[PDB]
């Protein structure tokens, strides 16, 4: 995947404000900021790659920035971090993965609990919320994910 990163970075604060200010929230997130675990994925690049990960996300998962940037978040679904698209996961609920997938395809807010694994192989339940984000053009371009170790 040779995902390309936005020069000058991402407007994470602007998107967090946009999220808290959204008119018809389908899921209540409550106040959020950059201190929590989050990632921003580019819906317009091949396989919706992570283009930004907050430090709390890297800390929670045990992975470094170099290891998560440019990858579809699904790698967390395997203790070895090897998860091929369309593959039947052996540790994660298929309906769950399908739910995330359709929500993402439809720019629909979604919230799920998904089994994930940290870099050292430690299993945990990830309480995940994905909210589509509009960039400067006004159209949905990114998705912001909020991860919470349950």
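Positions refer to the first chain, counted from 1.
Trainee: Comparing 24-32 with 43-51, which has the greater mean CA B-factor as deposited?
Mentor: Higher mean C-alpha B-factor in the PDB entry: 24-32.
Trainee: Using the B-factors recorded in the PDB entry, average over the C-alpha atoms of 85-93 and of 98-106, then report which stretch comes out higher.
Mentor: That would be 85-93.
Trainee: Sorting by Cα B-factor within the chain, modelled residues only, which third would residue 138 end up in: lowest, middle or highest?
Mentor: Middle third.
Trainee: How does residue 144 rank on Cα B-factor within its chain, lowest, middle or highest third?
Mentor: It belongs to the lowest third of the chain when residues are ordered by C-alpha B-factor.
Trainee: Compare the C-alpha B factor of residue 115 with those of the other modelled residues in its chain, then answer lowest, middle or highest third.
Mentor: Its C-alpha B-factor, which the entry lists for residue 115, ranks in the lowest third among residues of this chain.
Trainee: Relative to the other modelled residues in the chain, which third contains the C-alpha temperature factor of residue 66: lowest, middle or highest?
Mentor: CA B-factor rank for residue 66: highest third.
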